[PDB]
Protein chains: 10
Amino acid sequence: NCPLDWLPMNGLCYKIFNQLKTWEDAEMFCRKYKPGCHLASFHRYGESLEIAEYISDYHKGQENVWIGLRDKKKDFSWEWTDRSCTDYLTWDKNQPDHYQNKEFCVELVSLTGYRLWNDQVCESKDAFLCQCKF
Amino acid sequence: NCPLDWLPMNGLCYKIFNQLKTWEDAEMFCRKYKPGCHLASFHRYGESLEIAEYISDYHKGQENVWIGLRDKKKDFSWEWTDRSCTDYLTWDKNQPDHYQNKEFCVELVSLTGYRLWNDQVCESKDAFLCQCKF
Amino acid sequence: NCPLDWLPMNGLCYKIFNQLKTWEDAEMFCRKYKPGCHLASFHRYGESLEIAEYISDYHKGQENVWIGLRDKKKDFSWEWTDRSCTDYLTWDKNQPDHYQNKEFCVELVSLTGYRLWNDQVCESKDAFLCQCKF
Amino acid sequence: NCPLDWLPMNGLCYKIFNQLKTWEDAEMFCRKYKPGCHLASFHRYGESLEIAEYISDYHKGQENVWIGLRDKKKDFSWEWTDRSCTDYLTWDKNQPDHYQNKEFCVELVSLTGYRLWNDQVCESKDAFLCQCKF
Amino acid sequence: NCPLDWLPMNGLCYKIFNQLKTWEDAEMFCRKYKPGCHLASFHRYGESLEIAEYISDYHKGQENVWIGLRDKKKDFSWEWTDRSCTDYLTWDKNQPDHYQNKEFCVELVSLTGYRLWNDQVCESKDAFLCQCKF
Amino acid sequence: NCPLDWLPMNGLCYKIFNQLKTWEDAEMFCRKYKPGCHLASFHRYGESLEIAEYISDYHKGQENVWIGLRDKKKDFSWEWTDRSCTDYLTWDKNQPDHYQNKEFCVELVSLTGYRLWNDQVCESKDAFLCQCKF
Amino acid sequence: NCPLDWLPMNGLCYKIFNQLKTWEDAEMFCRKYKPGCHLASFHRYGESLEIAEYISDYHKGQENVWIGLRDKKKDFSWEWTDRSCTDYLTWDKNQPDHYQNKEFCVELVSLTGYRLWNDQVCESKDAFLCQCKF
Amino acid sequence: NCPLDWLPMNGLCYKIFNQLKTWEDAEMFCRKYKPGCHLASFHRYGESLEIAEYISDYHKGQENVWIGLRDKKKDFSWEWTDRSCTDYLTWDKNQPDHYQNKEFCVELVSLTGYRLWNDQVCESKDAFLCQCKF
Amino acid sequence: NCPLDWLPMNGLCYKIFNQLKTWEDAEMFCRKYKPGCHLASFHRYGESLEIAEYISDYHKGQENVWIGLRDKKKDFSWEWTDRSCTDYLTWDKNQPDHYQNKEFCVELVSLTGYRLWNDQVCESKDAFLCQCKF
Amino acid sequence: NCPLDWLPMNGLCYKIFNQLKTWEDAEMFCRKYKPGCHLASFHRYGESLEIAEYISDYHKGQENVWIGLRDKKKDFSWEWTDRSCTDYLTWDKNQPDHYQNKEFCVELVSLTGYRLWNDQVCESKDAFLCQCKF
Ligand SMILES: OC[C@H]1O[C@@H](S[C@@H]2O[C@H](CO)[C@H](O)[C@H](O)[C@H]2O)[C@H](O)[C@@H](O)[C@H]1O
Ligand SMILES: OC[C@H]1O[C@@H](S[C@@H]2O[C@H](CO)[C@H](O)[C@H](O)[C@H]2O)[C@H](O)[C@@H](O)[C@H]1O
Ligand SMILES: OC[C@H]1O[C@@H](O)[C@H](O)[C@@H](O)[C@H]1O
Ligand SMILES: OC[C@H]1O[C@@H](O)[C@H](O)[C@@H](O)[C@H]1O
Ligand SMILES: OC[C@H]1O[C@@H](O)[C@H](O)[C@@H](O)[C@H]1O
Ligand SMILES: OC[C@H]1O[C@@H](O)[C@H](O)[C@@H](O)[C@H]1O
Ligand SMILES: OC[C@H]1O[C@@H](O)[C@H](O)[C@@H](O)[C@H]1O
Ligand SMILES: OC[C@H]1O[C@@H](O)[C@H](O)[C@@H](O)[C@H]1O
Ligand SMILES: [Ca+2]
Ligand SMILES: [Ca+2]
Ligand SMILES: [Ca+2]
Ligand SMILES: [Ca+2]
Ligand SMILES: [Ca+2]
Ligand SMILES: [Ca+2]
Ligand SMILES: [Ca+2]
Ligand SMILES: [Ca+2]
Ligand SMILES: [Ca+2]
Ligand SMILES: [Ca+2]
Ligand code: NA
Ligand code: NA
Ligand code: NA
Ligand code: NA
Ligand code: NA
Ligand code: NA
Ligand code: NA
Ligand code: NA
Ligand code: NA
Ligand code: NA
C-alpha cells in the first residue's frame with residue numbers, strides 16, 4: 001500500500017522524480033523526502049521490467065534515471081544504498097566499464113526503455129528513482 | 001484493501017471502465033490511471049467467476065470487456081500485460097481463432113456473462129477491466 | 001480494517017441491514033453496496049458467536065437474518081453466494097428440513113440468539129448480513 | 001492500526017473513556033461505539049503494564065476503570081465480554097472478594113496505578129476501557 | 001503503515017524530535033504524543049543503522065539523542081521504557097560507565113553517527129527519538 | 001508430522017486407544033505414552049467432524065470416548081487437561097448435567113457418532129482419545 | 001513431506017492403489033489406510049495435471065481411478081469426502097449426466113490420461129487415488 | 001518435532017535428566033548433549049505448568065530440578081543461559097533469597113510440584129531440565 | 001528438507017545424475033525416481049548459481065546437463081516439464097538456435113560452468129538434474 | 001531440523017570443524033560435505049552470539065574460525081560464499097584493515113569470544129564453521 005502516485009512493488013513504493021541531480025544529490029533527496037527512502041534498488045528481473053515500464057509511462061522527460069547502485073570503492077564493487085547486498089544485476093551490453101576511471105553510479109538507460117543498467121559519472125545530472133517504505 | 005469502487009481480489013484491485021477504447025488504449029488507460037495498473041490478468045477459475053459477477057453487476061453497458069491478454073507475436077503466444085504468467089485460460093467456444101487474421105487481443109464475452117474469452121480486433125472498442133495494486 | 005460502521009472479522013467486514021428483504025433482494029443489495037460484497041458466509045464457530053452478538057446489539061428489530069447460504073438445486077446442496085467454501089454448518093434443531101418443500105434459503109434463527117441456521121422460504125422478509133472485502 | 005486517540009496493542013485498539021458509567025452501561029457503550037468493541041480483556045502481564053501506563057497518562061480523572069471481566073454466574077467464574085479466554089488474572093491484594101456478595105464486575109484499581117483488578121459492585125460508576133477491532 | 005512523515009521500521013514508527021528535553025521529559029512527551037509511544041527501543045543491527053542514518057539526515061541539530069533505555073535500579077540493569085526485551089545493546093567505547101554515578105539514561109552518541117549508545121545524566125538536554133504504534 | 005499411525009490435525013496428533021479405562025487412567029496413560037500427550041482437547045468444528053469420523057472408522061468397539069475435558073471444581077467450570085482454552089463446546093442434547101452429581105469428566109458420545117459430548121462418571125470405563133505433540 | 005512412494009502436493013500426499021473397488025470401498029480403504037486419509041480431492045487445474053501425470057506414471061494398470069467426489073443426494077450435487085466444498089470441476093466432454101440415473105461418483109478417465117473427470121456407477125470396480133495428511 | 005523421549009513445547013524440546021549434578025555441570029551437560037541445548041528457560045505460566053506436570057510424570061526421583069536461571073553478578077540480575085529474556089518469573093514463597101549469600105542458581109522446587117522456583121546453592125546436586133533445538 | 005545427497009533449494013530438492021540419457025529418458029528417469037520429480041526447472045538467477053556450483057562440485061563428469069525445458073511445439077515455445085512457469089531463461093550466447101532444426105531440448109552448458117542453457121538434440125545423451133518434492 | 005551433531009539456527013544448520021584449514025580449503029570442505037553447504041554467513045546479532053557460544057563449547061582448540069565472508073576483489077567488497085545477502089557485519093576493533101594488504105578472508109576472532117570478525121590471510125590455518133541446508 002502506497003500513496004496513489006507511487007508504484008507499489010513487493011513491499012516498497014517507487015517514484016521517478018524529474019528534477020535532474022547528480023547521483024549523490026539524488027540519494028540525498030530521496031533520503032530527505034520522507035524517512036525511509038533511498039534511490040531505488042532492484043532484486044529480480046520482474047521488478048526491472050515493472051520499473052522500466054512505469055518510468056517509461058510516468059517519467060516526464062527523456063533523460064536517464066539514477067538508481068541506488070553506486071561503486072563506492074571504485075572497482076566494480078556496487079552496493080545498494082538501501083543496504084540490501086547486491087543479489088541482482090541486469091547490466092547493459094558492454095557495461096559496466098568505469099569509462100575513463102570516472103564512473104561508478106548505475107543508471108537506467110533511457111534508450112533501452114530503462115530496461116538496461118549502465119555505470120555512469122556520478123556527477124551526471126539525471127532524473128532519479130526514489131523508493132520508500134510508508 | 002482497495003478504493004470503495006474497486007473489487008478487492010487476491011491482493012489486487014479490479015474495476016470495469018465503461019469507456020470504450022481499443023485494446024491498446026485500454027491498457028494505456030489502466031497504466032496511466034495510477035502506477036501499478038494493467039488490464040486485468042486471470043489465474044484461477046474463482047477469479048473468472050468473481051469478475052464475471054462483478055461485471056454483470058457493475059458494468060453499465062452490454063459490450064465485451066478487454067483484459068490484458070494479447071498474442072503479441074501473432075502466433076498464439078498469449079501474454080498478460082502485467083507480465084504475470086499464462087497458467088490459466090478460459091477461452092470461449094471455438095476461440096481463439098484469429099478470425100480474418102486480425103484478432104489478437106482478448107476480451108470477456110458478454111453473451112457468456114463475461115466468463116469466457118475471445119480473441120478480437122484489437123482495434124475494436126470495448127469496455128475494459130483494469131487491475132491495480134494500491 | 002473496515003468502515004467504522006462495519007464489523008471486522010477474519011479478513012472480511014460484516015454488517016446487518018435492518019431493511020427487511022427477500023433472500024434474493026438481500027443478496028443483490030449486498031452485491032450492489034460495493035464491489036465484493038455478498039450475504040455473509042460462515043466457516044468457524046467463533047464467527048457464529050461473534051456475528052450472533054453483533055446482530056443482537058445492532059439489529060433494530062426482532063426478525064431473522066438472511067445469510068449467503070442457499071440450496072440452489074433444491075436438493076440439500078447448500079452453497080454460499082460468495083462462492084466461499086461450504087465447510088461449516090451450524091444448523092438449528094431439526095434443520096434443514098425444506099419444510100413443505102419450499103424452504104431453500106438460510107437464515108440466522110433469532111430465537112437461537114442468531115447462532116443457529118434455518119432453511120427458510122426465500123420470499124420471506126428478513127433483515128440481512130452483508131459481507132464485504134474492502 | 002487504530003484511530004490516533006486509541007492505543008494499538010497486540011491487534012486490538014484500546015481507549016479510556018472518562019465518562020462514569022455502571023459496568024453494564026460501560027459494556028453497552030463500547031458495544032455500540034462501533035461494531036466489534038467490548039470492555040477490554042487482558043491476556044498477559046505486558047498488556048496490564050501497557051494499559052496501566054496508558055490510563056495513567058490519558059485518563060482525565062482518578063476513578064477506577066471498568067474492564068470486560070465479570071462473574072456472570074456469581075460463583076467466581078470470571079468471563080470476558082469479548083468472549084476471549086480467561087487465561088490471565090492480576091487481582092489486587094485480597095481480591096476478588098465478592099464483598100458482601102454484591103461485587104461481580106471487575107475494575108482496574110486507581111490506587112495500584114491501574115495495574116491490579118478488583119471485583120466491584122456492578123452498579124458503581126467508573127471510567128471504562130473499551131477495546132475495538134477496526 | 002506510519003504517518004507519512006515518520007520512519008516505518010519493523011512494525012513500528014519512529015521520529016526524532018529536535019526539541020531538547022531531559023530523558024524523563026522526552027519519554028513523557030513521546031507517551032503523550034499519542035497513545036502507544038515511547039522513546040525508541042532497539043532490537044537489531046539493522047535498526048541501529050537505519051535509525052542512525054535517519055537521524056543523521058533529519059536531526060536539525062548536533063545533539064545526542066535520548067532513547068528508551070534507562071537503569072531504573074542504577075545497577076546496570078537496563079530496561080526499555082516500551083517494556084520490550086533488552087536483547088540488544090550497542091554501547092559506545094567504554095560505556096556504560098555510570099559516570100560519576102549519575103548517568104542512568106541512554107542516548108545515541110552524535111560522534112558515533114548515532115550508532116552507539118552512552119549512559120548519560122538524565123537531567124541532560126538532548127533531542128529524542130520516539131517510537132509509536134499507530 | 002505425526003507417527004504414520006496417528007491422526008495429524010492442526011499441529012497435533014491424535015489416536016484412539018480401545019483399552020477401557022477410567023477418565024483419570026486415560027489421562028495418565030496419555031501423559032505417560034510420551035512426553036507432551038493428554039486426552040484430546042477440541043477447539044473447532046472441523047476437529048469434531050474429523051475426530052468423530054476417525055473414531056467411527058478406527059474404534060475397535062462401541063464404547064464412548066474419554067477426552068481431556070473435566071470439571072475439577074465440580075461447578076460447570078470445564079478445563080482441558082492440556083491446559084488449552086475452553087473456547088469450544090459441543091455438548092450433546094441436555095448436557096452437561098452433572099447427573100446424580102457424580103459426572104465431572106467428558107466423553108464423546110457413541111450414539112452421536114462421537115460428535116457430541118456428555119459429562120460422565122469419571123470412574124466409568126471408556127476408550128480414550130490421546131493427543132500428542134511429537 | 002510424505003513417504004517416498006507418495007506424491008507430495010500442496011500440503012497433502014497422494015497415491016494410486018491398483019486394487020479394484022467400488023467407490024464406497026475405495027473411500028473406506030483410504031480412510032482405513034491411516035488416519036486422515038480419503039479418496040483424493042482436486043482444487044486447481046495444476047493438481048489435475050500433476051495427478052494425471054503421476055497416475056499415468058505409477059498406476060500399475062489401465063483401469064480408471066476413483067477420486068473423492070460423489071453425488072450423495074443424486075442430482076449433480078457433488079461433495080469432497082475430505083470435507084472441502086466443491087470449488088473446482090474439470091468435467092470431461094459431455095459429463096456428467098447420471099447415465100441411466102445410476103451414476104454419482106466421479107472417476108478419472110484413463111483414456112484422457114486421467115486429465116478428465118466423469119460421473120460413474122459408484123458400484124464400478126476401479127482403482128483409486130487416496131490422499132493423506134501425515 | 002523432537003525425539004520421542006523429549007517434551008515438545010513452543011518450538012523447543014525439553015527433557016529431565018535424573019542424574020544429579022551441580023548447576024554448572026548440569027548446564028555443561030546440556031550444552032554438550034547436542035549443539036543448541038541449555039538448561040531450560042521459562043517464559044510463561046503455561047510452560048511452568050506443562051513442565052511441572054512433565055517432570056512429575058517422568059522424573060525418576062524426588063530431587064529439585066536445575067533450570068537455566070542464574071544470578072551471574074549476584075545482584076539479583078537473573079539471566080537465562082540460553083540468553084533468552086527474563087520476561088517471566090515464578091518464584092516460590094519467600095524466594096529468591098540469596099540464602100546466606102550462597103544461592104545464585106535456580107531450581108524447580110519438588111515440594112511445589114516443580115511449579116515454583118528457588119535460588120539454590122549452585123554447588124548442590126539436583127536433577128536438571130535440558131532444553132534443545134533439534 | 002531433503003535426503004542427504006540432494007540439494008535443498010527454495011522448497012525443492014535437486015540432484016545431478018551422472019547417468020547419460022536422452023532428454024526424454026532423463027525426464028522419465030526423474031519422474032520414476034519417486035513421485036513428484038521432474039527435470040529441474042529454473043526461476044531465478046540465484047538458482048542458476050547454486051545449481052551451477054552444485055553441479056561443478058558434485059557432477060562426476062564433463063558432459064552437459066539436461067534440465068526440464070523443451071520446445072515441445074518446435075516453435076520456440078519453451079515449457080518446463082514440471083509445468084512451472086517460463087518466467088526465467090538464462091540462454092547461453094547465440095542460443096537457442098534449433099541447430100539443423102533438430103535441437104529442442106535444453107541442457108546446462110558445461111563450458112559455461114553449468115550456468116547458461118542451450119537447445120540440443122533431445123537424442124543426445126547428457127547427465128541430468130532431477131528436481132523433486134519430498 | 002538438522003543432524004544431531006549440528007546447530008539448528010534460523011532455518012540452517014551449523015557446525016564447527018576443528019580441522020585447521022586455509023579459508024579456501026574450509027569452503028571447499030563444506031561444499032563437499034553435502035550439497036548446499038558453505039562456510040557460514042551471519043545476518044543478525046542473535047546468530048553471532050549463538051554461534052559464539054556454540055563454538056566456545058565445541059571447538060576442540062583455541063584457533064580462530066573461518067566464515068564465508070571474503071573480499072574477492074581485494075577492495076573491501078566483502079561477499080558471502082553462500083551468496084546470501086551481505087547485510088550484517090560485526091567487525092572487531094579496527095577491522096577490517098587488509099593488514100599488509102594481504103588479508104582478504106574473514107574469521108571469528110577467538111579473543112573476542114568468537115563474536116567479532118577479522119579479515120585475515122586466507123592461507124592461515126583456522127578451524128571453520130560450515131553451514132548447510134538439510
Ligand atoms: O413454528 C413454531 C416452531 O418452529 C420450529 S422451527 C421451524 O420448523 C419448521 C418445521 O417444523 C421449518 O423447518 C421452519 O423453517 C422452522 O423455522 C421450532 O423448532 C419450534 O420450537 C417452534 O418455534
Ligand atoms: O598482534 C596482536 C594484536 O592484534 C590485534 S588484531 C590484528 O591486527 C592486525 C593489524 O594491527 C590485523 O588486522 C590482523 O588481521 C588482526 O588479527 C589486536 O587488536 C591487538 O589487541 C593485539 O592482539
Ligand atoms: O465466428 C468467428 C467469430 O466469432 C465471434 O463470436 C467472435 O466475436 C469473433 O472474434 C470470431 O471468433
Ligand atoms: O473491604 C473490602 C473492599 O476493599 C476495597 O479495596 C474494594 O474496592 C472493595 O471492592 C472491597 O473489596
Ligand atoms: O569519561 C566518561 C564520560 O565519557 C563521555 O564521553 C560521556 O559523554 C559520559 O557519559 C561519560 O561516560
Ligand atoms: O438422564 C441423564 C443421563 O443421560 C445419559 O444419556 C448420560 O449418559 C448420563 O451422563 C446422564 O446425563
Ligand atoms: O531457610 C531458607 C531456605 O528455604 C528453603 O526452602 C530453600 O530451599 C533454601 O534455598 C533457603 O532459601
Ligand atoms: O553453433 C551452433 C551449435 O553451437 C554449439 O555450441 C551447441 O552445442 C549446438 O546446440 C549449436 O547451437
Ligand atoms: Ca558507461
Ligand atoms: Ca475470435
Ligand atoms: Ca427450515
Ligand atoms: Ca472487591
Ligand atoms: Ca556514560
Ligand atoms: Ca451427563
Ligand atoms: Ca458417465
Ligand atoms: Ca533460596
Ligand atoms: Ca543449440
Ligand atoms: Ca585484519
Ligand atoms: Na528496492
Ligand atoms: Na490479476
Ligand atoms: Na464469511
Ligand atoms: Na484484550
Ligand atoms: Na523499537
Ligand atoms: Na486438541
Ligand atoms: Na486434495
Ligand atoms: Na525456554
Ligand atoms: Na525448480
Ligand atoms: Na548463515
# chains A, B, ... in the order shown; residues from 1 in each chain; ligands from 1
$ calpha_fit_and_write --fixed "chain E" --moving "chain J" --output "PDB file with C-alpha atoms, in the first residue's frame"
ATOM      1  CA  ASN J   1       2.275   2.099   7.503  1.00  0.00           C
ATOM      2  CA  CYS J   2       2.935   5.291   9.487  1.00  0.00           C
ATOM      3  CA  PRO J   3       2.207   8.992   9.165  1.00  0.00           C
ATOM      4  CA  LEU J   4       4.164  10.430   6.228  1.00  0.00           C
ATOM      5  CA  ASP J   5       6.593  12.160   8.592  1.00  0.00           C
ATOM      6  CA  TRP J   6       7.592   9.017  10.509  1.00  0.00           C
ATOM      7  CA  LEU J   7      10.045   6.211   9.798  1.00  0.00           C
ATOM      8  CA  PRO J   8       8.365   2.825   9.319  1.00  0.00           C
ATOM      9  CA  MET J   9      10.608   0.074  10.676  1.00  0.00           C
ATOM     10  CA  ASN J  10       9.959  -3.556  11.615  1.00  0.00           C
ATOM     11  CA  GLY J  11       6.357  -2.944  12.639  1.00  0.00           C
ATOM     12  CA  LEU J  12       6.820   0.345  14.470  1.00  0.00           C
ATOM     13  CA  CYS J  13       7.156   3.998  13.562  1.00  0.00           C
ATOM     14  CA  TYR J  14       9.949   6.278  14.653  1.00  0.00           C
ATOM     15  CA  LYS J  15      10.609   9.984  14.674  1.00  0.00           C
ATOM     16  CA  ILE J  16      13.298  12.314  16.003  1.00  0.00           C
ATOM     17  CA  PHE J  17      12.081  15.435  17.722  1.00  0.00           C
ATOM     18  CA  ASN J  18      14.644  18.211  17.732  1.00  0.00           C
ATOM     19  CA  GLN J  19      13.260  19.722  20.937  1.00  0.00           C
ATOM     20  CA  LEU J  20      15.937  19.327  23.610  1.00  0.00           C
ATOM     21  CA  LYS J  21      14.551  17.623  26.716  1.00  0.00           C
ATOM     22  CA  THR J  22      15.546  15.631  29.756  1.00  0.00           C
ATOM     23  CA  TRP J  23      15.260  11.869  29.351  1.00  0.00           C
ATOM     24  CA  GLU J  24      12.153  11.864  31.526  1.00  0.00           C
ATOM     25  CA  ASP J  25      10.491  14.696  29.611  1.00  0.00           C
ATOM     26  CA  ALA J  26      11.389  13.037  26.317  1.00  0.00           C
ATOM     27  CA  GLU J  27       9.696   9.815  27.501  1.00  0.00           C
ATOM     28  CA  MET J  28       6.564  11.574  28.706  1.00  0.00           C
ATOM     29  CA  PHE J  29       6.470  13.665  25.549  1.00  0.00           C
ATOM     30  CA  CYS J  30       6.441  10.510  23.437  1.00  0.00           C
ATOM     31  CA  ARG J  31       3.848   8.908  25.717  1.00  0.00           C
ATOM     32  CA  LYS J  32       1.512  11.833  25.282  1.00  0.00           C
ATOM     33  CA  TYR J  33       2.088  12.293  21.563  1.00  0.00           C
ATOM     34  CA  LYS J  34      -0.413   9.490  20.927  1.00  0.00           C
ATOM     35  CA  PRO J  35      -1.246   6.325  22.844  1.00  0.00           C
ATOM     36  CA  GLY J  36       1.353   3.605  22.367  1.00  0.00           C
ATOM     37  CA  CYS J  37       4.492   5.727  22.001  1.00  0.00           C
ATOM     38  CA  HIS J  38       7.751   5.616  23.935  1.00  0.00           C
ATOM     39  CA  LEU J  39      11.363   6.577  23.563  1.00  0.00           C
ATOM     40  CA  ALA J  40      12.576   4.149  20.928  1.00  0.00           C
ATOM     41  CA  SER J  41      14.082   0.782  21.824  1.00  0.00           C
ATOM     42  CA  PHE J  42      16.434  -1.235  19.574  1.00  0.00           C
ATOM     43  CA  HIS J  43      16.652  -4.972  19.025  1.00  0.00           C
ATOM     44  CA  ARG J  44      18.743  -5.546  15.932  1.00  0.00           C
ATOM     45  CA  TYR J  45      21.823  -4.266  14.086  1.00  0.00           C
ATOM     46  CA  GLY J  46      19.798  -3.122  11.087  1.00  0.00           C
ATOM     47  CA  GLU J  47      17.621  -0.806  13.154  1.00  0.00           C
ATOM     48  CA  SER J  48      20.648   0.958  14.663  1.00  0.00           C
ATOM     49  CA  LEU J  49      22.030   1.655  11.192  1.00  0.00           C
ATOM     50  CA  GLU J  50      18.582   2.589   9.869  1.00  0.00           C
ATOM     51  CA  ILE J  51      17.871   4.991  12.730  1.00  0.00           C
ATOM     52  CA  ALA J  52      21.440   6.340  12.690  1.00  0.00           C
ATOM     53  CA  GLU J  53      21.084   7.433   9.073  1.00  0.00           C
ATOM     54  CA  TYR J  54      17.542   8.614   9.713  1.00  0.00           C
ATOM     55  CA  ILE J  55      18.560  10.914  12.560  1.00  0.00           C
ATOM     56  CA  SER J  56      21.581  12.222  10.677  1.00  0.00           C
ATOM     57  CA  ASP J  57      19.340  13.371   7.801  1.00  0.00           C
ATOM     58  CA  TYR J  58      16.478  14.758   9.889  1.00  0.00           C
ATOM     59  CA  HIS J  59      18.017  16.030  13.116  1.00  0.00           C
ATOM     60  CA  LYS J  60      17.972  19.829  12.913  1.00  0.00           C
ATOM     61  CA  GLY J  61      20.868  19.865  15.347  1.00  0.00           C
ATOM     62  CA  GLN J  62      24.064  18.248  16.597  1.00  0.00           C
ATOM     63  CA  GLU J  63      23.075  16.983  20.055  1.00  0.00           C
ATOM     64  CA  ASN J  64      22.735  13.394  21.212  1.00  0.00           C
ATOM     65  CA  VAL J  65      19.411  11.563  21.077  1.00  0.00           C
ATOM     66  CA  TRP J  66      17.586   9.992  24.023  1.00  0.00           C
ATOM     67  CA  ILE J  67      16.294   6.455  23.568  1.00  0.00           C
ATOM     68  CA  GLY J  68      14.093   4.371  25.870  1.00  0.00           C
ATOM     69  CA  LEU J  69      16.959   2.609  27.616  1.00  0.00           C
ATOM     70  CA  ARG J  70      17.468   3.571  31.257  1.00  0.00           C
ATOM     71  CA  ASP J  71      18.955   1.974  34.394  1.00  0.00           C
ATOM     72  CA  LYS J  72      16.000   2.370  36.757  1.00  0.00           C
ATOM     73  CA  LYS J  73      17.654   0.658  39.730  1.00  0.00           C
ATOM     74  CA  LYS J  74      20.995   2.398  39.110  1.00  0.00           C
ATOM     75  CA  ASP J  75      22.844  -0.936  39.053  1.00  0.00           C
ATOM     76  CA  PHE J  76      23.350  -1.729  35.369  1.00  0.00           C
ATOM     77  CA  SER J  77      19.906  -3.287  35.025  1.00  0.00           C
ATOM     78  CA  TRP J  78      18.887  -1.475  31.845  1.00  0.00           C
ATOM     79  CA  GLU J  79      15.246  -1.580  30.811  1.00  0.00           C
ATOM     80  CA  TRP J  80      13.323  -0.171  27.859  1.00  0.00           C
ATOM     81  CA  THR J  81      10.428   2.158  28.566  1.00  0.00           C
ATOM     82  CA  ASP J  82       8.315   0.318  26.010  1.00  0.00           C
ATOM     83  CA  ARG J  83       8.869  -2.754  28.173  1.00  0.00           C
ATOM     84  CA  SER J  84      10.058  -4.335  24.934  1.00  0.00           C
ATOM     85  CA  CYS J  85      12.564  -6.998  25.477  1.00  0.00           C
ATOM     86  CA  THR J  86      16.152  -5.865  26.441  1.00  0.00           C
ATOM     87  CA  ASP J  87      18.176  -8.220  24.237  1.00  0.00           C
ATOM     88  CA  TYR J  88      20.282  -5.885  22.116  1.00  0.00           C
ATOM     89  CA  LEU J  89      22.950  -3.439  23.248  1.00  0.00           C
ATOM     90  CA  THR J  90      25.209  -1.376  20.994  1.00  0.00           C
ATOM     91  CA  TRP J  91      27.211   0.446  23.671  1.00  0.00           C
ATOM     92  CA  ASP J  92      29.871   2.944  22.647  1.00  0.00           C
ATOM     93  CA  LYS J  93      33.542   2.505  23.577  1.00  0.00           C
ATOM     94  CA  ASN J  94      33.962   2.102  27.353  1.00  0.00           C
ATOM     95  CA  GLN J  95      30.214   2.447  27.918  1.00  0.00           C
ATOM     96  CA  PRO J  96      28.269   2.135  30.084  1.00  0.00           C
ATOM     97  CA  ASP J  97      30.252   3.497  33.026  1.00  0.00           C
ATOM     98  CA  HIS J  98      27.776   5.416  35.186  1.00  0.00           C
ATOM     99  CA  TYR J  99      30.300   8.271  35.049  1.00  0.00           C
ATOM    100  CA  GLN J 100      30.499  10.022  38.441  1.00  0.00           C
ATOM    101  CA  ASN J 101      27.773   7.580  39.441  1.00  0.00           C
ATOM    102  CA  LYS J 102      25.131   9.868  37.931  1.00  0.00           C
ATOM    103  CA  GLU J 103      24.535   8.570  34.380  1.00  0.00           C
ATOM    104  CA  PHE J 104      21.489   6.291  34.162  1.00  0.00           C
ATOM    105  CA  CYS J 105      19.785   7.196  30.880  1.00  0.00           C
ATOM    106  CA  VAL J 106      20.873   6.121  27.401  1.00  0.00           C
ATOM    107  CA  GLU J 107      21.540   8.298  24.379  1.00  0.00           C
ATOM    108  CA  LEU J 108      22.662   7.758  20.817  1.00  0.00           C
ATOM    109  CA  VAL J 109      26.187   9.179  20.657  1.00  0.00           C
ATOM    110  CA  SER J 110      26.192  11.865  17.977  1.00  0.00           C
ATOM    111  CA  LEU J 111      29.945  11.409  17.444  1.00  0.00           C
ATOM    112  CA  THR J 112      29.463   7.716  16.628  1.00  0.00           C
ATOM    113  CA  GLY J 113      27.027   8.653  13.886  1.00  0.00           C
ATOM    114  CA  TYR J 114      24.209   7.925  16.341  1.00  0.00           C
ATOM    115  CA  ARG J 115      25.062   4.236  16.166  1.00  0.00           C
ATOM    116  CA  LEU J 116      26.546   3.603  19.597  1.00  0.00           C
ATOM    117  CA  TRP J 117      25.006   4.190  23.007  1.00  0.00           C
ATOM    118  CA  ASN J 118      26.156   6.087  26.079  1.00  0.00           C
ATOM    119  CA  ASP J 119      24.652   6.144  29.536  1.00  0.00           C
ATOM    120  CA  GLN J 120      24.162   9.819  30.336  1.00  0.00           C
ATOM    121  CA  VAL J 121      22.919  12.218  33.004  1.00  0.00           C
ATOM    122  CA  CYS J 122      19.146  11.956  32.744  1.00  0.00           C
ATOM    123  CA  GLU J 123      18.800  15.716  33.248  1.00  0.00           C
ATOM    124  CA  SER J 124      20.924  16.438  30.179  1.00  0.00           C
ATOM    125  CA  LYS J 125      18.999  18.060  27.351  1.00  0.00           C
ATOM    126  CA  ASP J 126      19.073  15.910  24.240  1.00  0.00           C
ATOM    127  CA  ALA J 127      16.894  15.513  21.174  1.00  0.00           C
ATOM    128  CA  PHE J 128      14.856  12.296  21.269  1.00  0.00           C
ATOM    129  CA  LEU J 129      13.601   9.385  19.219  1.00  0.00           C
ATOM    130  CA  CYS J 130       9.948   8.529  19.771  1.00  0.00           C
ATOM    131  CA  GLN J 131       8.611   5.146  18.763  1.00  0.00           C
ATOM    132  CA  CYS J 132       4.897   4.533  18.159  1.00  0.00           C
ATOM    133  CA  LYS J 133       2.382   1.881  17.196  1.00  0.00           C
ATOM    134  CA  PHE J 134      -0.180   3.324  14.776  1.00  0.00           C
TER     135      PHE J 134
END
$ select_by_dssp --residues "stretch 23-83 of chain G" --states "strand (DSSP E or B)" --output "PyMOL selection string"
chain G and resi 38-39+65-70+79-80
$ atom_distance --atom1 "atom 6 (O, counted along the ligand's line) of ligand 5" --atom2 "atom 1 (Ca, counted along the ligand's line) of ligand 18"
26.9 Å
$ select_by_dssp --residues "stretch 15-45 of chain J" --states "alpha helix (DSSP H)" --output "ChimeraX atom specification"
/J:23-33,45
